[PDB]
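As structure tokens, the structure follows; a few thoughts come after it.
There are 6 protein chains.
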Amino acid sequence: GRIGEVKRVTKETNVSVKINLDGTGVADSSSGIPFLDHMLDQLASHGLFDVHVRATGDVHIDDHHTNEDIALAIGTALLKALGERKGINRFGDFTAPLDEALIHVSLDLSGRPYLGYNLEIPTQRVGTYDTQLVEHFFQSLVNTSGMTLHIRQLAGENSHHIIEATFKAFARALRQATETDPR
Amino acid sequence: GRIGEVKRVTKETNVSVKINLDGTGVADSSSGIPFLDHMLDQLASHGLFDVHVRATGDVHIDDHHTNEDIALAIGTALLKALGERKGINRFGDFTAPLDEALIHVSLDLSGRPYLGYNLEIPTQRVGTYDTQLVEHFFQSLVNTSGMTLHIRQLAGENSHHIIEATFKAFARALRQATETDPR
Amino acid sequence: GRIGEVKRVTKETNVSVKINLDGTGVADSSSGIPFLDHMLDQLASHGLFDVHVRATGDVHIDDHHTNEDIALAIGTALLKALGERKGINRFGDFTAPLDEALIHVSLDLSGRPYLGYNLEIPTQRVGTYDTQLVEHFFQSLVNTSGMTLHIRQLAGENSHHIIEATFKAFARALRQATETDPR
Amino acid sequence: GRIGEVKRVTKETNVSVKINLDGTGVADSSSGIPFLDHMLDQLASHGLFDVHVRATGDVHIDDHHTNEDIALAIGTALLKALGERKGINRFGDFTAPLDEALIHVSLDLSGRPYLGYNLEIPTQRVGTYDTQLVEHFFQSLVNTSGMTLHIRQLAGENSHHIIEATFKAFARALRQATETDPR
Amino acid sequence: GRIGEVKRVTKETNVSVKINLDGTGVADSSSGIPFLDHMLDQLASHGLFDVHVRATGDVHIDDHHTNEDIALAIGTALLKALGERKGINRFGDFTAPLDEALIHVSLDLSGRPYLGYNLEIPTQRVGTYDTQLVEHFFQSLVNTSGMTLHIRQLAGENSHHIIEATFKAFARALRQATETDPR
Amino acid sequence: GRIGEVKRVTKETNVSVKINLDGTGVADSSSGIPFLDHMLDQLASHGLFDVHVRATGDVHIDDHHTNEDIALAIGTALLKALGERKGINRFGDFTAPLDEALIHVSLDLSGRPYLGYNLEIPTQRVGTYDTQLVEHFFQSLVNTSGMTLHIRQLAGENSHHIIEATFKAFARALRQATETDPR
Ligand SMILES: [Mn+2]
Ligand SMILES: [Mn+2]
Ligand SMILES: [Mn+2]
Ligand SMILES: [Mn+2]
Ligand SMILES: [Mn+2]
Ligand SMILES: [Mn+2]
Ligand SMILES: [Mn+2]
Ligand SMILES: [Mn+2]
Ligand SMILES: [Mn+2]
Ligand SMILES: [Mn+2]
Ligand SMILES: [Mn+2]
Ligand SMILES: [Mn+2]
Numbered sequence: 010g011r012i013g014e015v016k017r018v019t020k021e022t023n024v025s026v027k028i029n030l031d032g033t034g035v036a037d038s039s040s041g042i043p044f045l046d047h048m049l050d051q052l053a054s055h056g057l058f059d060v061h062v063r064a065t066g067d068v069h070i071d072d073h074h075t076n077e078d079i080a081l082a083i084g085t086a087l088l089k090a091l092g093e094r095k096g097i098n099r100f101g102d103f104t105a106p107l108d109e110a111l112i113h114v115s116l117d118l119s120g121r122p123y124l125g126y127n128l129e130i131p132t133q134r135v136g137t138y139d140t141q142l143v144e145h146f147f148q149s150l151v152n153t154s155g156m157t158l159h160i161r162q163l164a165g166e167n168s169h170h171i172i173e174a175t176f177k178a179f180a181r182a183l184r185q186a187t188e189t190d191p192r
Numbered sequence: 010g011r012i013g014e015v016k017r018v019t020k021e022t023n024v025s026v027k028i029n030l031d032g033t034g035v036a037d038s039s040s041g042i043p044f045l046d047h048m049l050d051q052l053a054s055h056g057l058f059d060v061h062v063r064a065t066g067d068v069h070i071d072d073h074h075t076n077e078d079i080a081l082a083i084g085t086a087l088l089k090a091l092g093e094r095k096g097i098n099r100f101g102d103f104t105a106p107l108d109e110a111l112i113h114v115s116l117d118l119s120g121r122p123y124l125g126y127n128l129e130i131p132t133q134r135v136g137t138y139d140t141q142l143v144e145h146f147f148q149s150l151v152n153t154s155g156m157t158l159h160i161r162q163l164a165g166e167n168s169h170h171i172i173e174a175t176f177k178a179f180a181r182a183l184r185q186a187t188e189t190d191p192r
Numbered sequence: 010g011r012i013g014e015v016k017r018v019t020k021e022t023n024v025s026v027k028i029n030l031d032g033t034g035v036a037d038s039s040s041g042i043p044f045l046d047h048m049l050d051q052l053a054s055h056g057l058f059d060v061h062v063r064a065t066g067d068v069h070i071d072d073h074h075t076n077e078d079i080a081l082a083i084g085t086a087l088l089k090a091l092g093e094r095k096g097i098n099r100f101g102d103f104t105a106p107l108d109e110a111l112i113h114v115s116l117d118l119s120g121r122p123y124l125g126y127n128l129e130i131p132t133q134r135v136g137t138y139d140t141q142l143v144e145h146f147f148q149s150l151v152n153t154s155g156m157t158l159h160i161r162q163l164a165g166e167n168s169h170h171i172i173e174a175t176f177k178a179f180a181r182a183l184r185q186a187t188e189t190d191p192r
Numbered sequence: 010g011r012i013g014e015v016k017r018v019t020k021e022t023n024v025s026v027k028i029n030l031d032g033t034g035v036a037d038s039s040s041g042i043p044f045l046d047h048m049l050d051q052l053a054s055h056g057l058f059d060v061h062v063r064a065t066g067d068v069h070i071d072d073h074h075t076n077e078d079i080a081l082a083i084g085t086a087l088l089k090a091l092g093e094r095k096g097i098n099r100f101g102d103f104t105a106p107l108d109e110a111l112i113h114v115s116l117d118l119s120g121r122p123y124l125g126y127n128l129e130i131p132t133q134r135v136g137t138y139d140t141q142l143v144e145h146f147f148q149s150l151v152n153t154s155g156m157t158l159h160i161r162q163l164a165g166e167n168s169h170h171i172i173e174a175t176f177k178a179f180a181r182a183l184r185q186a187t188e189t190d191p192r
Numbered sequence: 010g011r012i013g014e015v016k017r018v019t020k021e022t023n024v025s026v027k028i029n030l031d032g033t034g035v036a037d038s039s040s041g042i043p044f045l046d047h048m049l050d051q052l053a054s055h056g057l058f059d060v061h062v063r064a065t066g067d068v069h070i071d072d073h074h075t076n077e078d079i080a081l082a083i084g085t086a087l088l089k090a091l092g093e094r095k096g097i098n099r100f101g102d103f104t105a106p107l108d109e110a111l112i113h114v115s116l117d118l119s120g121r122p123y124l125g126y127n128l129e130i131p132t133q134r135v136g137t138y139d140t141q142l143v144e145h146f147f148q149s150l151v152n153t154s155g156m157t158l159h160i161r162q163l164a165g166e167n168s169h170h171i172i173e174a175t176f177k178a179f180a181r182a183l184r185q186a187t188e189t190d191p192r
Numbered sequence: 010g011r012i013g014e015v016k017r018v019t020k021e022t023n024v025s026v027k028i029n030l031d032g033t034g035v036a037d038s039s040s041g042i043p044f045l046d047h048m049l050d051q052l053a054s055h056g057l058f059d060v061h062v063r064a065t066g067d068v069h070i071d072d073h074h075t076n077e078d079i080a081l082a083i084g085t086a087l088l089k090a091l092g093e094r095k096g097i098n099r100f101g102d103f104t105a106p107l108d109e110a111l112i113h114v115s116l117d118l119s120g121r122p123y124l125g126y127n128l129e130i131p132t133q134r135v136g137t138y139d140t141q142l143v144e145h146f147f148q149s150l151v152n153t154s155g156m157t158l159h160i161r162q163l164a165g166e167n168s169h170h171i172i173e174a175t176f177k178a179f180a181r182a183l184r185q186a187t188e189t190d191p192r
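Which chain is which? The protein sequence lines are G, F, C, D, B and H, in order.
The first sequence: position 93 = 102 (PDB author numbering), numbered continuously.
The second sequence: position 119 = 128 (PDB author numbering), numbered continuously.
The third sequence: position 154 = 163 (PDB author numbering), numbered continuously.
The fourth sequence: position 77 = 86 (PDB author numbering), numbered continuously.
The fifth sequence: position 126 = 135 (PDB author numbering), numbered continuously.
The sixth sequence: position 81 = 90 (PDB author numbering), numbered continuously.
Structural data, given as structure tokens:
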């Protein structure tokens, strides 16, 4: 059905991205960022999107540049994939937990970008992943997607659980919005 | 489908209300209060109700009497159309964003009226519509409706957005509650 | 020279914007919001932009929708105008007083939208204009324009003064950024 | 160039002044207040004005009378020199440091007098110059001048450095404002 | 044009630095510190300096010794290149954004060294680069450069952004001060 | 007797004002601002001045420009009426109540502009009149008038009473100051 394909090439990065909204949950990501792939594999698995990401970047500097241009790419792919937005639910709201974590995501494929981020992560790094990037990821994805997106933390100690549960609750909500409403 | 109709006159106002719970979203409000029409036009447009309102009132004094009497009629009209309540969900739950605002609405078509209203609207006026009247509209609605309704502000700065996001949220939660569940 | 043009027709509004970055100071704005027109003439007179707005919207409900759609147009007109963005300054920075008022605007034409708004206006209305719409004007303008924009209140009592000083500093920095850098 | 000339004679003082907006840097000031001459020399040197001041007053009493009248004359001759204020930038904004001091100066040759003075000088006397008189010089300069002026201390420990940096940033921004703009 | 060159060899590092004040933005750094190279390309890119750096040091202990010997060299390369300092602006002042961040950077090539540094970086590492070394870099660069330099943070969450914004504003203000004034 | 006339035309207003310092209390104000007319009527009546105002302004936008330009015209009209200021009290000082309110005006015809304004008016509008304009009227009057005016709210709840009592007190002390002293 609905597939979005973007190939962006900056000085800093090389990003190839393919999203099927009406997928079966196929996860095939290789960004050079081990933890970000794991989050994108959740995105596929939990909202049954098919996600094909393939990137190569400044990883020697920071993770910052690659994190960002993948995120911007995914949002542009999301926009092309929704087409003219004919009869989709459009809104989606799901609270998913992971053990002690409990994350709430409400969103709306509005056309006007906004990221409400209320998410305190107590450690500065999960694996090698700078933990400030999760915010940056979602910001960049929202800015090209045109997606109004609030994310709210109700509970959580463990930083791995917190980001995983967020991506779990973002996927299930995103599907809810991409699916077709019997209008 | 399921339709409730109410004529209702007093010394102060004259009010007439036709509501289709199984409509297509035909918004048809002319109350003498431009702002309230707009919110009633979102009730229809998001809940897929057909909403017909016609009214004249003491607007030259206050919007108070007309906002209250319309609200009272709509709840009475909602009550008739629901009729026997045969096999409906009864409960609706929906959080809705409109940019920075984020409003949760939980309801239960119970028979016992309750408004839990937790909404701080920073400005006294949106257009020419007294901002205190958003609480009096849902309070009057609930009173004739036999509805149990909680409205909770989670986020919000701008007044238009907040009120509108409540009406968006409430409409999709009313729809959910009036629909038939494979019981 | 560099001219962006935008027509835009939504259910609510009918907007027609035309902006010349290399103008002479031509203000020709009639939107049906008298206050916004006066501000859009500060934009022209101080940025030496030629500005031509023409709009009709739901003024009877609110100024909100008309405010919003003009802003989204002005921001789009800007992005057509800039085109390739070759050999321009890219960064603006100007602090501007108007009597007791003092407003710092810093901007970067980056292709990534951000609003930093630290402006407490002590009255709900100047003329008939809802004061919350000043923020929504720059927010919506930024959202299509692709502009990183910080606005900073350093001083101000009079609400007319604060908004006017804002459009003065914005305009002069918009100029600094849009002009050619001897590269 | 543009030359202001003002000879004014109270009971208390005999002031003579000649400023040249389009000067070259010609420091020529004797006032009977050695520190103020050191500040007037910085005004000519950093703004590239040709400043000429010659004064006598009740110095045996206080530096007050003489400080005020010189300030009142410099303002007036600034005005006479501007004339019709045709084609000039008009606005000036500059932040100059001196060692640990850092003072920001925004002004506007506006026709309307105003002084915001946010400047804590920790000592009561630099040499023999009463430290309260710095405020009084820019206050009196501003009334006759019709200038809008904000002086903001962002850093500073040493009293000499604070005042001199204030005279440096005043100078450089005043230049900006008197300079022609290609309209 | 104005070129400074420096080879500085210690028991710890071998540092080679050529700087071109009147360049076209030539970036060319390999210091063994990936993030410092990125900040150097930003300096070369935004001041239109040409920046050639080559370094080998204790990167296996710390990044500290390399960080400091490189920046001490760069200050010295700046000082040779500047010469007698004839008819340059001397004062450079610029506030620059990078998304949520906003750093103001006022300086004066005075001959007397000073660093007012008011920057709170919320993480301890960008990439593998100690976040404390940013201050020490600007501190060393100031000591031999004979420069007066204030760096004020007005906003910022993301560390990468904060520092890159510091380097963007440092660059555009150094440009301003080394450029020639029509005197 | 002592008569001051002024015609002043801007791009926003057309103001004509005449004031007789030795009048008999004749009130002749049509300003486009019904509340300020009422305040000038008190100004004549309570100081026995003959006040003639006829104005035309942006009133569709704001009352701002019209309020300011009338204020500035009265001050120039006052300065002229006074001429060479020979044999007159110079200093006035009156405290006038209006019911619960109590204002203390204490002026000085100093040729030196200052306003002390220590008034807290608890509502945003008296009629259609923006309450902020009271300060701005008096600020603008003082700037072109060369008067030293202190306004002290000692008591007051109702805003109509506070502004009217200010104009009462202000008039009785302007009258006192302009009267002659057996010299
Ligand atoms: Mn009543
Ligand atoms: Mn009631
Ligand atoms: Mn709306
Ligand atoms: Mn909006
Ligand atoms: Mn004295
Ligand atoms: Mn004095
Ligand atoms: Mn060290
Ligand atoms: Mn970034
Ligand atoms: Mn970077
Ligand atoms: Mn204005
Ligand atoms: Mn004004
Ligand atoms: Mn009265």
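Where is the CB? At the ideal position from N, CA and C, for every residue including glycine.
Problem - For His74(H) and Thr22(H), believed in contact at Cβ under 8 Å, the rounded distance - result: Taking the sixth sequence and counting its residues from 1, the one referred to as residue 22(H) is at position 13. Taking the sixth sequence and counting its residues from 1, the one referred to as residue 74(H) is at position 65. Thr22(H) to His74(H), Cβ: 6 Å. Contact.
Problem - Short-range partners of chain G found in the region 147-173 of chain F, where Cβ spacing is below 9 Å - result: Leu163, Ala164
Exercise for the section: Tell me where the alpha helix (DSSP H) around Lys89(G) begins and ends. Expected result: In the first sequence, residue 89(G) corresponds to position 80, counting from 1. 73-91 is the span of the alpha helix (DSSP H), which, as asked, contains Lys89(G).
Exercise for the section: Spell out the partners DSSP gives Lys27(F) in its beta bridges. Expected result: Here residue 27(F) is taken as the residue at index 18 of the second sequence, counted from 1. Answer is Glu14(F), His61(F), bridged to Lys27(F).
Practice task
Closer than 7 Å by C-beta to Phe100(D): which residues in its own chain qualify, once you throw out the five before and the five after it? Chain order, please.
Solution key: Counting from one through the fourth sequence, the residue named residue 100(D) turns up at place 91. Hits under 7 Å: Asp117, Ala186.
Problem - Cβ neighbours of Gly10(G) in the same chain (closer than 8 Å, five flanking residues each side left out) - result: Against the first sequence, residue 10(G) aligns to sequence position 1. Taken in chain order, the residues that qualify are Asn29, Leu30, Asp31.
Practice task
Return helix, strand or coil for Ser119(H), following the three-state DSSP convention.
Solution key: As a first step, residue 119(H) is located in the sixth sequence; it is residue number 110 there, counting from the start. Coil.
Problem - Runs of beta strand (DSSP E) wholly within the region 144-187 of chain B (minimum 3 residues, chain order) - result: 157-164
Problem - Interface partners of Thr104(C) on chain D, CB under 7 Å - result: Looking up residue 104(C) in the third sequence gives position 95. The contacting residues are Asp102, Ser115.
Handout entry: Given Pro191(F) as reference, the closest of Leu150(F), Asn98(F), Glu109(F), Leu128(F) once Cα atoms are compared
Key = Looking up residue 191(F) in the second sequence gives position 182. Comparing Cα positions, the closest option is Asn98(F).
Problem - the region 114-130 of chain C in contact with the region 152-163 of chain C per 3-pair CB rule at 8 Å - result: yes
Handout entry: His74(D) Cβ short of 7 Å to ligand 5 heavy atom set
Key = Sequence index remark: in the fourth sequence, residue 74(D) carries index 65 (1-based). Yes; taking the cut-off as 7 Å, the Cβ of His74(D) has a heavy atom of ligand 5 nearer than that.
Exercise for the section: Go ahead and pull the three-state DSSP assignment for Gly66(B). Expected result: Within the fifth sequence, residue 66(B) is the residue found at index 57, counting from 1. Residue state, collapsed to three classes: coil.
Handout entry: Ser54(B) in three-state terms, based on DSSP
Key = Locating residue 54(B) in the fifth sequence gives position 45, counting from the first residue. Helix.
Problem - Segment contact flag, the region 30-48 of chain H with the region 56-67 of chain H, C-beta cutoff 8 Å, min 3 pairs - result: yes
Exercise for the section: Indicate, with yes or no, if ligand 10 has a heavy atom lying under 7 Å from the CB of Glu173(C). Expected result: Numbered from its first residue, the third sequence carries residue 173(C) at position 164. True, at least one ligand heavy atom lies under 7 Å from that Cβ.
Exercise for the section: Can you check DSSP and say which residues form a bridge with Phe103(B)? Expected result: Indexing the fifth sequence from 1 puts residue 103(B) at position 94. Note: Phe103(B) sits in a beta bridge opposite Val114(B).
Practice task
Take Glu188(D) and list the residues in its own chain whose beta-carbon comes closer than 8 Å to its own, dropping the five residues that flank it on each side.
Solution key: The residue labelled residue 188(D) in the question sits at position 179 within the fourth sequence. Cβ within range, chain order: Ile97, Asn98.
Handout entry: Extent of the continuous beta strand (DSSP E) run through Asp37(H)
Key = Counting from one through the sixth sequence, the residue named residue 37(H) turns up at place 28. Segment 36-39, the beta strand (DSSP E) holding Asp37(H).
Exercise for the section: Look at the alpha carbon of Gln148(F) and the alpha carbon of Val15(F), and state the distance between them as a whole number of angstroms. Expected result: Counted from its first residue, the second sequence places residue 148(F) at position 139. Counted from its first residue, the second sequence places residue 15(F) at position 6. Roughly 18 Å between the two C-alpha positions.
Practice task
At 7 Å on the CB atoms, spell out the chain C contacts of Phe44(F), in chain order.
Solution key: The count along the second sequence starts at 1 and reaches residue 44(F) at position 35. What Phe44(F) touches in chain C: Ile70, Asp71.
Exercise for the section: Report yes if the C-beta of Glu77(F) is less than 7 Å from at least one heavy atom of ligand 2; otherwise report no. Expected result: Taking the second sequence and counting its residues from 1, the one referred to as residue 77(F) is at position 68. Indeed, a heavy atom of ligand 2 lies less than 7 Å from the Cβ.
Exercise for the section: Return yes when at least one heavy atom of ligand 2 lies under 7 Å from the C-beta of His145(F), else no. Expected result: Locating residue 145(F) in the second sequence gives position 136, where the first residue counts as 1. Under cutoff, so the answer is yes.
Handout entry: Rounded C-alpha distance that separates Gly136(F) from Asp72(C)
Key = In the second sequence, counting from the first residue as 1, residue 136(F) sits at position 127. In the third sequence, counting from the first residue as 1, residue 72(C) sits at position 63. Each residue's Cα considered, the two are about 7 Å apart.
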